[PDB]
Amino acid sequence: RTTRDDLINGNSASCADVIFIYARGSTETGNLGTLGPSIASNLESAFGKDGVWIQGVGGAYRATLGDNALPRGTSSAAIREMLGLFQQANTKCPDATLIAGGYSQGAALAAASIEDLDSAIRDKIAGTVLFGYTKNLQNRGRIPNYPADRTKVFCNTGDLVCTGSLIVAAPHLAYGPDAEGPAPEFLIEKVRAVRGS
């Protein structure tokens, strides 16, 4: 339902071409929350169920409300978890194109993980989508150390976490349509641009 561990469970003798690592919002269930499943069915339609591995960030990422107040908008243990998944993806499947995403605290987690990531693996991440990005104002709409053209931020008007606050208002809960339409289309386009055709 909201849990996919395709990378952890995948056999490196039969790597997928595309690996998607996604971090859920604060309090959400499984390791994909509300938005992850929608992005995953679209990517599966585009690449085939065997062409893409969907991996939510689980393990030490508890997606606690309190961790939003920590320096980079999430915990050091959660950043280590997501870094470990990018490292695992590169180790099992060095030829796979990576794509990433996150919602709310998961968007701050994706941004911090990519900032800290070895640049050689970071270059393999074709695109990242961020929804309700809690460090949008602070980071001026960017992921540190990652190019603007591979980044797509979805921040609604009235979503206060995009404007430097941590108050959750109704526009923060309105990213469902983006996750099923423009966000997977962006990711698919960026995969095709690095892979070519």
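The first residue of the sequence shown is number 1, and the count goes up from there.
The question of which stretch, 179 to 187 or 5 to 13, has the higher mean Cα B factor is settled in favour of 5 to 13. Two stretches are in play, 125 to 133 and 41 to 49, and the higher mean C-alpha B-factor belongs to 41 to 49. The top Cα temperature factor in the record, among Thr34, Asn68, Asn139, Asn145, falls on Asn68.
Highest CA B-factor among the listed residues (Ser104, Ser119, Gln87, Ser75): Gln87.
When the modelled residues of the chain are ordered by their C-alpha B factor, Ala108 lands in the lowest third. Per the PDB record, residue ranking by Cα B-factor puts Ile54 in the lowest third of the chain. In the PDB entry, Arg62 places in the highest third of its chain by CA B-factor. Residue-level temperature factors show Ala96 in the middle third of its chain, judged at the C-alpha atom. Split the chain's modelled residues into thirds by C-alpha temperature factor. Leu160 is in the middle one.
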